[PDB]
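Read the structure below first, then the notes.
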Amino acid sequence: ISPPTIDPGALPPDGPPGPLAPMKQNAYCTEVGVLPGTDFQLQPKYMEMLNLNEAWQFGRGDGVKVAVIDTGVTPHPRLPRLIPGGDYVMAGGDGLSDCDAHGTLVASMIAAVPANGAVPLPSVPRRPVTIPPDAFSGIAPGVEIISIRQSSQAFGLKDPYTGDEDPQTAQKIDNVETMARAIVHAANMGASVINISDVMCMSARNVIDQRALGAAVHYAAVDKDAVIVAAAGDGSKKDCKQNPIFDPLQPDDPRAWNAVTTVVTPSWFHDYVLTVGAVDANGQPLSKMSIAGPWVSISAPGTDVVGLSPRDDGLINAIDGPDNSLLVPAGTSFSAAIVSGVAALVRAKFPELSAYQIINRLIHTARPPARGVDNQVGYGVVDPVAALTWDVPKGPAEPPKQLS
Amino acid sequence: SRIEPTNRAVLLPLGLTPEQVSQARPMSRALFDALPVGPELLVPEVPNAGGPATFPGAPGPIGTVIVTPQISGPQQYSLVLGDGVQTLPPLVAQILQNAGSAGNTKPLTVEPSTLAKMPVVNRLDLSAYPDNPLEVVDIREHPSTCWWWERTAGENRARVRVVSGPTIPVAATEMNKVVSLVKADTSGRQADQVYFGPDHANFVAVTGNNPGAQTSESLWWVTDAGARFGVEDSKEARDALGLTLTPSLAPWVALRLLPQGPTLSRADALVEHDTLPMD
Amino acid sequence: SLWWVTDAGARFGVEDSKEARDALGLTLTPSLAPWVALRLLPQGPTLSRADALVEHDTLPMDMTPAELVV
């Protein structure tokens, strides 16, 4: 498969958020809870690798706007800096309520404020759900979060016929188109870090036309200087299947683009998007859960997740599964949240640098894997304190002229 | 920690001189990354300076320095904030007077009976400054300085120290067998010399740079000639080479300086060549 | 021109000079061979003293290799 190409003439016109066709809710919202025997007075195990106690000396990232394009966010007394951006699933929404439990976890992991004897906003005006003392703290409590509701599992079309296109593929084309619009809109809001935690897997056989998405990525990355960070994709999703790695018999291409079988988008645009893989709390890669494509660029923790509870007012560890079973979340959708926090802290300390330079600062300071560059993890494991203080060369990586 | 040659108010009490600071010698990029960063040496920024105090009987406007008479015992300096007073270390009081002088040269002397009525408050951080003058080393006699990291087996904490001396900390007899490397990478991120002392480690696992790191992220092999080679962490690769053993820890800041060779894996070696090239 | 052929089927050029000969051995007189045949064997670098005098930290990798099948 040939690497992506871009035609900037395909930009979608700007406009207020709204679906392409009328939709209705089909399922009840997901319940949440805590696993037996947990004790929230201890820090989450993933916070040891980040060494936050040393990183916060230079600041907490005040004045940075981070856009969360996902399943929306529900307000909570610990998120005093949340802004309603828009909704693409329901015409009357604004992106400030998540029926799937995914959205509020990702956001709270970035900006939740630490505990205090009294909360700044004790009022609780939040609306009901729609029908058909504590050690936790975010990576950057000072940021400002913009919520945009891009996707959800609970909703469906209320005229299901789709003509000459298979109802399975007909939805993919709507998603690719609806994704480009959200990236353009979020850039005009002035966000400086755009975080994407939901992605599509597609077969390499007759890939869907992405011209509209290609121009949309370029516009936000160059003309608006935004840093785009995306998850490598959880392997339990409906169509994601594992990709092959480097092949010693063909040193022709070291990242092996010619052997690809599954394409992940927007993660695909390795020239403008930063893709994050996952590792456990000890440092080993989650070989069985993250897609090892050739576009992967960095990795961060992804287990022992903790976050603010939607529909309640406390913490949670798990979500109510299909059966009575209480199921624990894990995967790349959360690792991308960790890096979104580190990117916010770095470009608060070096405000003169552009997006292409901030990315090089994170890549060069990471601990690398045995092969130097790999596919399950990109250049290595993210490292906060190193990114904030080492003297990185301003130019990209270059090979030596002669070795003898 | 950073310091500026124009800030005479801070240089003088510490024991520094503007010329001395300006003539300081270079520092290598390699060592610059290894040392952790501490807060800057600047004049403390007392908040809301100059306004009236909230509490009664305040001896002066907010930010003035107070001292007690020597006849009643060792003098204790203090600072008057908006809602009370906080103590000051001797060396910092001198900086506040020198910087906050604006023509004033001495503090207000107040008796214990009137001092005891003022409420005690703690609202600003001051632990960065030392409590006595700096014993600056004359670089001509000690042209070498090194960062040292060590961890004892079974411990949960690594020890970080700085060493200074006339020459690299190697035994005088062994000074002849330091290895001089070629240097293909001109970015200034690769060392010039390498030394393998007593109790050196061949097989290593990468770890974080802070003293509290606990991860173990990848395995490497360091040859006698100074190059490092990576080992794929798989049962077949480990046993074929004979590395079924437990590896020793190492920090990334120190290890990244050795040149990197090809990767060792069973799949990479099953290849044939007619003749080798020479770029 | 003088050439040295290895059992693996590769040919290497050897310098005519006293230094190169005396160092490798090769003092005896060589046998004759026809160029239309000898050119069919793959060629390696020439064994000259002037280019052996080099240091390296790591070597370049070989493009387009072939599989070893067990």
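Naming works like this for the structure tokens: A, B, ... for the chains as they're shown, residue 1 at the start of each chain, ligands 1 onward in shown order.
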
Tell me, as a list in words, which residues lie within 10 Å of residue 11 of chain B, counting only C-alpha atoms; anything in the same chain fewer than 5 positions away does not count.
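Non-adjacent residues within range: residues 3, 4, 5, 6, 16, 17, 18, 21, 41, 42 and 95 of chain B.
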
Counting only C-alpha atoms, give me one row per residue of chain A with an atom at most 8 Å from an atom of chain C, showing the shortest contact pair and its distance in Å to one decimal, sorted by chain then residue number, as a Markdown table.
| residue | atom | partner | partner_atom | distance |
| --- | --- | --- | --- | --- |
| A:249 | CA | C:65 | CA | 6.5 |
| A:250 | CA | C:64 | CA | 6.6 |
| A:251 | CA | C:63 | CA | 6.2 |
| A:252 | CA | C:63 | CA | 7.4 |
| A:403 | CA | C:56 | CA | 6.5 |
| A:404 | CA | C:56 | CA | 5.3 |

Pick out the residues sitting within 9 Å of residue 203 of chain B, and hand them over as a PyMOL selection string; count only C-alpha atoms, and ignore anything fewer than 3 positions along from it in its own chain.
chain B and resi 219-222+243+246-249

Any chance you could tabulate, as CSV, the residues of chain A at most 9 Å from chain B with each one's nearest atom pair and distance in Å to one decimal, using only C-alpha atoms, in chain and rising number order?
residue,atom,partner,partner_atom,distance
A:48,CA,B:213,CA,7.7
A:49,CA,B:213,CA,7.1
A:51,CA,B:210,CA,8.1
A:57,CA,B:39,CA,8.4
A:58,CA,B:39,CA,8.9
A:247,CA,B:267,CA,8.4
A:248,CA,B:268,CA,5.5
A:249,CA,B:271,CA,7.4
A:281,CA,B:215,CA,8.3
A:282,CA,B:215,CA,5.3
A:283,CA,B:217,CA,5.2
A:284,CA,B:217,CA,6.5
A:367,CA,B:252,CA,6.8
A:368,CA,B:218,CA,8.0
A:369,CA,B:218,CA,6.0
A:370,CA,B:230,CA,4.8
A:371,CA,B:263,CA,6.0
A:372,CA,B:230,CA,8.4
A:381,CA,B:217,CA,8.6
A:383,CA,B:208,CA,8.5
A:386,CA,B:33,CA,8.3
A:389,CA,B:33,CA,7.5
A:390,CA,B:33,CA,5.2
A:391,CA,B:33,CA,6.9
A:393,CA,B:187,CA,7.8
A:399,CA,B:185,CA,8.0
A:400,CA,B:185,CA,6.0
A:401,CA,B:184,CA,7.9
A:402,CA,B:184,CA,6.9
A:403,CA,B:184,CA,5.3
A:404,CA,B:184,CA,7.8

Residues from the last selection, N, CA and C atoms, saved as a PDB file, in the first residue's frame:
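So the final result, stored in out_17.pdb, reads:
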ATOM      1  N   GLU A  48       3.698   6.240  38.508  1.00  0.00           N
ATOM      2  CA  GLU A  48       5.101   6.165  38.907  1.00  0.00           C
ATOM      3  C   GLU A  48       6.037   6.374  37.723  1.00  0.00           C
ATOM      4  N   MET A  49       5.685   5.845  36.557  1.00  0.00           N
ATOM      5  CA  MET A  49       6.551   5.962  35.388  1.00  0.00           C
ATOM      6  C   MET A  49       6.701   7.403  34.937  1.00  0.00           C
ATOM      7  N   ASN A  51       6.702  10.164  36.866  1.00  0.00           N
ATOM      8  CA  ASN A  51       7.456  11.004  37.797  1.00  0.00           C
ATOM      9  C   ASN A  51       6.934  12.444  37.876  1.00  0.00           C
ATOM     10  N   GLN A  57       7.224  21.039  38.833  1.00  0.00           N
ATOM     11  CA  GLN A  57       7.959  22.209  39.307  1.00  0.00           C
ATOM     12  C   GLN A  57       7.881  23.375  38.331  1.00  0.00           C
ATOM     13  N   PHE A  58       7.987  23.109  37.039  1.00  0.00           N
ATOM     14  CA  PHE A  58       7.959  24.188  36.065  1.00  0.00           C
ATOM     15  C   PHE A  58       6.568  24.734  35.793  1.00  0.00           C
ATOM     16  N   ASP A 247      10.918  -7.348   8.217  1.00  0.00           N
ATOM     17  CA  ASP A 247      11.307  -8.619   7.589  1.00  0.00           C
ATOM     18  C   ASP A 247      12.774  -8.616   7.166  1.00  0.00           C
ATOM     19  N   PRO A 248      13.652  -9.384   7.814  1.00  0.00           N
ATOM     20  CA  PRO A 248      15.092  -9.290   7.520  1.00  0.00           C
ATOM     21  C   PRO A 248      15.513  -9.582   6.094  1.00  0.00           C
ATOM     22  N   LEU A 249      14.736 -10.326   5.318  1.00  0.00           N
ATOM     23  CA  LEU A 249      15.082 -10.641   3.933  1.00  0.00           C
ATOM     24  C   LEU A 249      14.860  -9.498   2.960  1.00  0.00           C
ATOM     25  N   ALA A 281       2.149  -1.366  33.027  1.00  0.00           N
ATOM     26  CA  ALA A 281       2.703  -0.549  34.104  1.00  0.00           C
ATOM     27  C   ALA A 281       4.164  -0.846  34.418  1.00  0.00           C
ATOM     28  N   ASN A 282       4.730  -1.940  33.917  1.00  0.00           N
ATOM     29  CA  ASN A 282       6.126  -2.259  34.182  1.00  0.00           C
ATOM     30  C   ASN A 282       7.043  -1.842  33.047  1.00  0.00           C
ATOM     31  N   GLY A 283       6.507  -1.712  31.841  1.00  0.00           N
ATOM     32  CA  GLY A 283       7.238  -1.294  30.659  1.00  0.00           C
ATOM     33  C   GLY A 283       7.199  -2.267  29.496  1.00  0.00           C
ATOM     34  N   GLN A 284       6.532  -3.406  29.599  1.00  0.00           N
ATOM     35  CA  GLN A 284       6.468  -4.332  28.479  1.00  0.00           C
ATOM     36  C   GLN A 284       5.334  -3.929  27.531  1.00  0.00           C
ATOM     37  N   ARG A 367      12.964   6.492  25.759  1.00  0.00           N
ATOM     38  CA  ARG A 367      13.817   5.300  25.872  1.00  0.00           C
ATOM     39  C   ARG A 367      13.459   4.345  24.740  1.00  0.00           C
ATOM     40  N   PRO A 368      14.408   3.968  23.886  1.00  0.00           N
ATOM     41  CA  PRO A 368      14.111   3.178  22.703  1.00  0.00           C
ATOM     42  C   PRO A 368      14.092   1.676  22.921  1.00  0.00           C
ATOM     43  N   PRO A 369      13.461   0.952  21.998  1.00  0.00           N
ATOM     44  CA  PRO A 369      13.399  -0.504  22.048  1.00  0.00           C
ATOM     45  C   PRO A 369      14.655  -1.106  21.431  1.00  0.00           C
ATOM     46  N   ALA A 370      14.820  -2.414  21.633  1.00  0.00           N
ATOM     47  CA  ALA A 370      16.004  -3.120  21.139  1.00  0.00           C
ATOM     48  C   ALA A 370      16.342  -2.889  19.664  1.00  0.00           C
ATOM     49  N   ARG A 371      15.358  -2.769  18.785  1.00  0.00           N
ATOM     50  CA  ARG A 371      15.684  -2.559  17.373  1.00  0.00           C
ATOM     51  C   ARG A 371      15.936  -1.105  16.984  1.00  0.00           C
ATOM     52  N   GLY A 372      15.926  -0.173  17.913  1.00  0.00           N
ATOM     53  CA  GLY A 372      16.106   1.243  17.577  1.00  0.00           C
ATOM     54  C   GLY A 372      14.817   1.889  17.144  1.00  0.00           C
ATOM     55  N   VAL A 381       9.366   4.686  24.779  1.00  0.00           N
ATOM     56  CA  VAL A 381       8.422   5.054  25.827  1.00  0.00           C
ATOM     57  C   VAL A 381       8.568   6.532  26.175  1.00  0.00           C
ATOM     58  N   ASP A 383       8.792  10.139  27.944  1.00  0.00           N
ATOM     59  CA  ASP A 383       9.529  10.539  29.145  1.00  0.00           C
ATOM     60  C   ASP A 383       9.320  12.023  29.454  1.00  0.00           C
ATOM     61  N   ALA A 386      12.470  14.493  30.846  1.00  0.00           N
ATOM     62  CA  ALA A 386      13.477  14.636  29.802  1.00  0.00           C
ATOM     63  C   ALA A 386      13.005  15.598  28.727  1.00  0.00           C
ATOM     64  N   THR A 389      13.573  19.297  29.727  1.00  0.00           N
ATOM     65  CA  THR A 389      14.859  19.902  30.088  1.00  0.00           C
ATOM     66  C   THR A 389      16.056  19.597  29.191  1.00  0.00           C
ATOM     67  N   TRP A 390      16.115  18.495  28.458  1.00  0.00           N
ATOM     68  CA  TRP A 390      17.313  18.254  27.659  1.00  0.00           C
ATOM     69  C   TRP A 390      17.442  19.224  26.485  1.00  0.00           C
ATOM     70  N   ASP A 391      18.686  19.361  26.010  1.00  0.00           N
ATOM     71  CA  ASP A 391      19.053  20.210  24.870  1.00  0.00           C
ATOM     72  C   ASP A 391      18.958  19.441  23.554  1.00  0.00           C
ATOM     73  N   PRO A 393      18.592  18.814  19.548  1.00  0.00           N
ATOM     74  CA  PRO A 393      18.915  19.552  18.325  1.00  0.00           C
ATOM     75  C   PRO A 393      17.642  19.985  17.612  1.00  0.00           C
ATOM     76  N   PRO A 399      21.632  10.846   9.195  1.00  0.00           N
ATOM     77  CA  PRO A 399      22.668   9.815   9.234  1.00  0.00           C
ATOM     78  C   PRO A 399      24.059  10.405   9.059  1.00  0.00           C
ATOM     79  N   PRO A 400      25.099   9.750   9.586  1.00  0.00           N
ATOM     80  CA  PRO A 400      26.460  10.267   9.407  1.00  0.00           C
ATOM     81  C   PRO A 400      26.946  10.158   7.967  1.00  0.00           C
ATOM     82  N   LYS A 401      27.837  11.085   7.593  1.00  0.00           N
ATOM     83  CA  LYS A 401      28.383  11.092   6.235  1.00  0.00           C
ATOM     84  C   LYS A 401      29.221   9.849   5.928  1.00  0.00           C
ATOM     85  N   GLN A 402      30.156   9.501   6.816  1.00  0.00           N
ATOM     86  CA  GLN A 402      31.004   8.325   6.637  1.00  0.00           C
ATOM     87  C   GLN A 402      31.403   7.768   7.996  1.00  0.00           C
ATOM     88  N   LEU A 403      31.454   6.439   8.100  1.00  0.00           N
ATOM     89  CA  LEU A 403      31.738   5.786   9.369  1.00  0.00           C
ATOM     90  C   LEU A 403      33.187   5.333   9.572  1.00  0.00           C
ATOM     91  N   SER A 404      34.054   5.400   8.566  1.00  0.00           N
ATOM     92  CA  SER A 404      35.410   4.866   8.675  1.00  0.00           C
ATOM     93  C   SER A 404      36.502   5.924   8.861  1.00  0.00           C
TER      94      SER A 404
END

Nearby residues (only C-alpha atoms) at most 7 Å from segment 256-270 of chain A, same-chain spacing under 4 positions excluded, as a VMD selection string
chain A and resid 1 4 199 to 204 230 232 240 to 241 243 to 246 274 to 275 294 to 295

Selection above as a file: C-alpha atoms, as a short mmCIF file (atom, residue, chain, number, x, y, z; two decimals), in the first residue's frame:
data_model
loop_
_atom_site.label_atom_id
_atom_site.label_comp_id
_atom_site.auth_asym_id
_atom_site.auth_seq_id
_atom_site.Cartn_x
_atom_site.Cartn_y
_atom_site.Cartn_z
CA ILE A 1 0.00 0.00 0.00
CA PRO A 4 -1.09 8.68 1.89
CA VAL A 199 -10.56 5.39 15.11
CA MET A 200 -11.57 3.20 12.17
CA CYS A 201 -9.96 -0.03 10.98
CA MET A 202 -10.35 -0.85 7.27
CA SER A 203 -9.31 -3.70 5.03
CA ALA A 204 -6.45 -2.90 2.67
CA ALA A 230 -4.19 9.78 17.94
CA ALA A 232 -2.91 3.28 17.67
CA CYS A 240 -9.00 -4.41 13.69
CA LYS A 241 -6.64 -7.37 13.01
CA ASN A 243 -0.18 -6.34 11.07
CA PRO A 244 3.22 -7.89 10.23
CA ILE A 245 6.56 -6.50 11.49
CA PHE A 246 10.02 -5.88 9.94
CA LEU A 274 1.44 11.54 16.30
CA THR A 275 0.36 7.90 16.94
CA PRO A 294 4.19 1.03 10.41
CA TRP A 295 2.92 4.55 11.34
#

What separation in Å, quoted to one decimal, exists between atom CA of residue 280 of chain A and atom CA of residue 52 of chain A?
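Atom CA of residue 52 of chain A lies 17.8 Å from atom CA of residue 280 of chain A.
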
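Across the model, the gap from atom CA of residue 137 of chain B to atom CA of residue 89 of chain B is 24.5 Å.
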
Could you check the closest approach to chain B for each of C:41, C:36, C:20, C:47 and tell me which residue wins, using only C-alpha atoms?
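Checking each candidate against chain B, we get C:41 as the closest.
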
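One finds atom CA of residue 14 of chain A at 9.5 Å from atom CA of residue 188 of chain A.
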
Considering only C-alpha atoms, return as a ChimeraX atom specification whatever protein or nucleic-acid residues lie within 8 Å of segment 76-79 of chain B, sequence-local ones (same chain, fewer than 3 positions apart) excluded.
/B:63-68,85-90,93

Save the residues we just selected, N, CA, C and O atoms, as a PDB file, in the first residue's frame?
ATOM      1  N   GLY B  63       6.409  43.546  53.728  1.00  0.00           N
ATOM      2  CA  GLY B  63       7.690  43.325  53.090  1.00  0.00           C
ATOM      3  C   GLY B  63       8.893  43.909  53.802  1.00  0.00           C
ATOM      4  O   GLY B  63      10.021  43.721  53.328  1.00  0.00           O
ATOM      5  N   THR B  64       8.701  44.596  54.919  1.00  0.00           N
ATOM      6  CA  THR B  64       9.823  45.142  55.667  1.00  0.00           C
ATOM      7  C   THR B  64      10.453  44.047  56.510  1.00  0.00           C
ATOM      8  O   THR B  64       9.786  43.097  56.919  1.00  0.00           O
ATOM      9  N   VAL B  65      11.745  44.195  56.778  1.00  0.00           N
ATOM     10  CA  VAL B  65      12.514  43.218  57.543  1.00  0.00           C
ATOM     11  C   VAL B  65      12.559  43.666  58.996  1.00  0.00           C
ATOM     12  O   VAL B  65      12.838  44.833  59.289  1.00  0.00           O
ATOM     13  N   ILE B  66      12.297  42.733  59.902  1.00  0.00           N
ATOM     14  CA  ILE B  66      12.268  42.987  61.333  1.00  0.00           C
ATOM     15  C   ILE B  66      13.361  42.161  61.981  1.00  0.00           C
ATOM     16  O   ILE B  66      13.673  41.055  61.532  1.00  0.00           O
ATOM     17  N   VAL B  67      13.956  42.701  63.042  1.00  0.00           N
ATOM     18  CA  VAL B  67      14.972  41.987  63.801  1.00  0.00           C
ATOM     19  C   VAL B  67      14.767  42.307  65.273  1.00  0.00           C
ATOM     20  O   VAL B  67      14.118  43.292  65.632  1.00  0.00           O
ATOM     21  N   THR B  68      15.322  41.448  66.137  1.00  0.00           N
ATOM     22  CA  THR B  68      15.182  41.620  67.577  1.00  0.00           C
ATOM     23  C   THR B  68      16.540  41.923  68.221  1.00  0.00           C
ATOM     24  O   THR B  68      17.577  41.478  67.722  1.00  0.00           O
ATOM     25  N   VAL B  85       3.679  37.230  60.348  1.00  0.00           N
ATOM     26  CA  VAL B  85       5.112  37.201  60.075  1.00  0.00           C
ATOM     27  C   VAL B  85       5.621  35.771  59.932  1.00  0.00           C
ATOM     28  O   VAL B  85       5.147  34.853  60.608  1.00  0.00           O
ATOM     29  N   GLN B  86       6.605  35.589  59.052  1.00  0.00           N
ATOM     30  CA  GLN B  86       7.253  34.300  58.826  1.00  0.00           C
ATOM     31  C   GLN B  86       8.756  34.473  59.046  1.00  0.00           C
ATOM     32  O   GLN B  86       9.330  35.496  58.666  1.00  0.00           O
ATOM     33  N   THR B  87       9.405  33.470  59.623  1.00  0.00           N
ATOM     34  CA  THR B  87      10.835  33.564  59.897  1.00  0.00           C
ATOM     35  C   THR B  87      11.655  33.533  58.607  1.00  0.00           C
ATOM     36  O   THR B  87      11.189  33.095  57.556  1.00  0.00           O
ATOM     37  N   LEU B  88      12.885  34.056  58.690  1.00  0.00           N
ATOM     38  CA  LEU B  88      13.845  34.075  57.590  1.00  0.00           C
ATOM     39  C   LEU B  88      15.202  33.520  58.003  1.00  0.00           C
ATOM     40  O   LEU B  88      15.655  33.767  59.125  1.00  0.00           O
ATOM     41  N   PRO B  89      15.868  32.756  57.134  1.00  0.00           N
ATOM     42  CA  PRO B  89      17.230  32.327  57.440  1.00  0.00           C
ATOM     43  C   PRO B  89      18.197  33.490  57.327  1.00  0.00           C
ATOM     44  O   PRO B  89      17.964  34.437  56.557  1.00  0.00           O
ATOM     45  N   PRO B  90      19.305  33.464  58.070  1.00  0.00           N
ATOM     46  CA  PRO B  90      20.252  34.585  58.023  1.00  0.00           C
ATOM     47  C   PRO B  90      20.704  35.013  56.631  1.00  0.00           C
ATOM     48  O   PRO B  90      20.690  36.205  56.312  1.00  0.00           O
ATOM     49  N   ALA B  93      17.886  36.939  54.704  1.00  0.00           N
ATOM     50  CA  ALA B  93      17.611  38.281  55.207  1.00  0.00           C
ATOM     51  C   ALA B  93      18.556  39.295  54.573  1.00  0.00           C
ATOM     52  O   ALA B  93      18.140  40.391  54.185  1.00  0.00           O
TER      53      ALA B  93
END

What's the 10 Å shell around segment 339-353 of chain A, counting only C-alpha atoms, without same-chain residues fewer than 4 positions away, as a ChimeraX atom specification?
/A:50,55-56,58-68,106-107,109-111,138-143,192-196,225,227-231,274-276,298-301,334-335,357-359,361-362,382-385,387-389,394

So which residues of segment 108-256 of chain B fall under helix (DSSP H, G or I) by DSSP, listed as a VMD selection string?
chain B and resid 112 to 115 174 to 177 235 to 241 252 to 255

Selection to disk with N, CA, C and O atoms, as an mmCIF file, in the first residue's frame:
data_model
loop_
_atom_site.group_PDB
_atom_site.id
_atom_site.type_symbol
_atom_site.label_atom_id
_atom_site.label_comp_id
_atom_site.auth_asym_id
_atom_site.auth_seq_id
_atom_site.Cartn_x
_atom_site.Cartn_y
_atom_site.Cartn_z
ATOM 1 N N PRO B 112 11.022 41.667 72.271
ATOM 2 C CA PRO B 112 10.228 40.432 72.382
ATOM 3 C C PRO B 112 8.774 40.605 72.818
ATOM 4 O O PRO B 112 7.884 39.949 72.266
ATOM 5 N N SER B 113 8.511 41.476 73.793
ATOM 6 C CA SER B 113 7.147 41.692 74.276
ATOM 7 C C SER B 113 6.211 42.179 73.179
ATOM 8 O O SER B 113 5.059 41.738 73.101
ATOM 9 N N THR B 114 6.677 43.077 72.323
ATOM 10 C CA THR B 114 5.835 43.558 71.233
ATOM 11 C C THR B 114 5.823 42.580 70.063
ATOM 12 O O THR B 114 4.837 42.519 69.321
ATOM 13 N N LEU B 115 6.906 41.828 69.878
ATOM 14 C CA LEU B 115 6.972 40.816 68.826
ATOM 15 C C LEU B 115 6.014 39.657 69.094
ATOM 16 O O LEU B 115 5.301 39.211 68.189
ATOM 17 N N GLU B 174 45.858 2.268 35.822
ATOM 18 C CA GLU B 174 44.967 1.926 34.719
ATOM 19 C C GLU B 174 44.738 3.059 33.725
ATOM 20 O O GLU B 174 44.064 2.844 32.716
ATOM 21 N N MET B 175 45.277 4.247 33.967
ATOM 22 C CA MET B 175 45.052 5.378 33.074
ATOM 23 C C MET B 175 45.460 5.068 31.640
ATOM 24 O O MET B 175 44.965 5.708 30.708
ATOM 25 N N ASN B 176 46.358 4.113 31.442
ATOM 26 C CA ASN B 176 46.783 3.721 30.103
ATOM 27 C C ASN B 176 45.762 2.914 29.303
ATOM 28 O O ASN B 176 45.838 2.928 28.070
ATOM 29 N N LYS B 177 44.818 2.213 29.937
ATOM 30 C CA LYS B 177 43.875 1.362 29.210
ATOM 31 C C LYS B 177 42.455 1.924 29.174
ATOM 32 O O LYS B 177 41.490 1.177 29.332
ATOM 33 N N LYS B 235 12.475 -16.208 24.140
ATOM 34 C CA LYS B 235 13.065 -17.438 24.669
ATOM 35 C C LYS B 235 14.108 -18.079 23.755
ATOM 36 O O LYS B 235 15.119 -18.599 24.232
ATOM 37 N N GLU B 236 13.875 -18.075 22.443
ATOM 38 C CA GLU B 236 14.829 -18.677 21.507
ATOM 39 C C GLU B 236 16.100 -17.856 21.343
ATOM 40 O O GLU B 236 17.190 -18.418 21.211
ATOM 41 N N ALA B 237 15.983 -16.533 21.319
ATOM 42 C CA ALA B 237 17.155 -15.669 21.219
ATOM 43 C C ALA B 237 17.972 -15.688 22.498
ATOM 44 O O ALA B 237 19.199 -15.777 22.453
ATOM 45 N N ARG B 238 17.311 -15.597 23.644
ATOM 46 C CA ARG B 238 18.003 -15.639 24.926
ATOM 47 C C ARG B 238 18.800 -16.927 25.103
ATOM 48 O O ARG B 238 19.978 -16.891 25.461
ATOM 49 N N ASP B 239 18.181 -18.078 24.861
ATOM 50 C CA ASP B 239 18.877 -19.350 25.051
ATOM 51 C C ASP B 239 19.929 -19.660 24.001
ATOM 52 O O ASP B 239 20.915 -20.327 24.319
ATOM 53 N N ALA B 240 19.750 -19.250 22.753
ATOM 54 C CA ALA B 240 20.776 -19.554 21.767
ATOM 55 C C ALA B 240 22.081 -18.860 22.114
ATOM 56 O O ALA B 240 23.144 -19.484 22.091
ATOM 57 N N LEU B 241 22.025 -17.582 22.481
ATOM 58 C CA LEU B 241 23.242 -16.863 22.832
ATOM 59 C C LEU B 241 23.790 -17.268 24.193
ATOM 60 O O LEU B 241 24.984 -17.109 24.439
ATOM 61 N N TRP B 252 19.336 5.471 31.144
ATOM 62 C CA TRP B 252 19.440 5.856 29.735
ATOM 63 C C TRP B 252 20.416 7.005 29.474
ATOM 64 O O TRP B 252 21.094 7.012 28.442
ATOM 65 N N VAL B 253 20.516 7.984 30.379
ATOM 66 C CA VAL B 253 21.433 9.110 30.158
ATOM 67 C C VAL B 253 22.878 8.671 29.971
ATOM 68 O O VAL B 253 23.613 9.258 29.174
ATOM 69 N N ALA B 254 23.315 7.650 30.687
ATOM 70 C CA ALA B 254 24.691 7.194 30.534
ATOM 71 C C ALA B 254 24.889 6.229 29.377
ATOM 72 O O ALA B 254 25.883 6.323 28.654
ATOM 73 N N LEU B 255 23.967 5.293 29.204
ATOM 74 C CA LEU B 255 24.085 4.263 28.173
ATOM 75 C C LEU B 255 23.966 4.798 26.746
ATOM 76 O O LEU B 255 24.678 4.332 25.855
#

Need to verify the contact set: residue 157 of chain B, 7 Å, only C-alpha atoms, exclusion of same-chain residues closer than 2 positions in sequence. Can you return it as a list in words?
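Result of the neighbour search: residues 151, 155, 159, 211 and 212 of chain B.
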
Written selection (N, CA and C atoms) as a PDB file, in the first residue's frame:
ATOM      1  N   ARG B 151      23.197   1.945  42.405  1.00  0.00           N
ATOM      2  CA  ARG B 151      22.108   1.245  43.072  1.00  0.00           C
ATOM      3  C   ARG B 151      22.612  -0.095  43.583  1.00  0.00           C
ATOM      4  N   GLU B 155      17.829  -2.820  46.977  1.00  0.00           N
ATOM      5  CA  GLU B 155      17.353  -1.516  47.409  1.00  0.00           C
ATOM      6  C   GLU B 155      16.265  -0.965  46.497  1.00  0.00           C
ATOM      7  N   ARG B 159      21.355   6.118  44.394  1.00  0.00           N
ATOM      8  CA  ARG B 159      22.070   7.252  44.971  1.00  0.00           C
ATOM      9  C   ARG B 159      22.721   8.101  43.880  1.00  0.00           C
ATOM     10  N   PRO B 211      16.119   8.903  40.506  1.00  0.00           N
ATOM     11  CA  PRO B 211      16.591   7.943  41.510  1.00  0.00           C
ATOM     12  C   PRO B 211      15.536   6.958  41.987  1.00  0.00           C
ATOM     13  N   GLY B 212      14.256   7.201  41.717  1.00  0.00           N
ATOM     14  CA  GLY B 212      13.159   6.345  42.127  1.00  0.00           C
ATOM     15  C   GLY B 212      12.563   5.456  41.053  1.00  0.00           C
TER      16      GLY B 212
END

Using the chain letters and numbers from this document, which residues of segment 4-237 of chain A does DSSP assign to strand (DSSP E or B), as number ranges by chain?
A: 23-25, 32-33, 65-71, 82-87, 144-149, 155-157, 193-196, 200-203, 227-231, 234
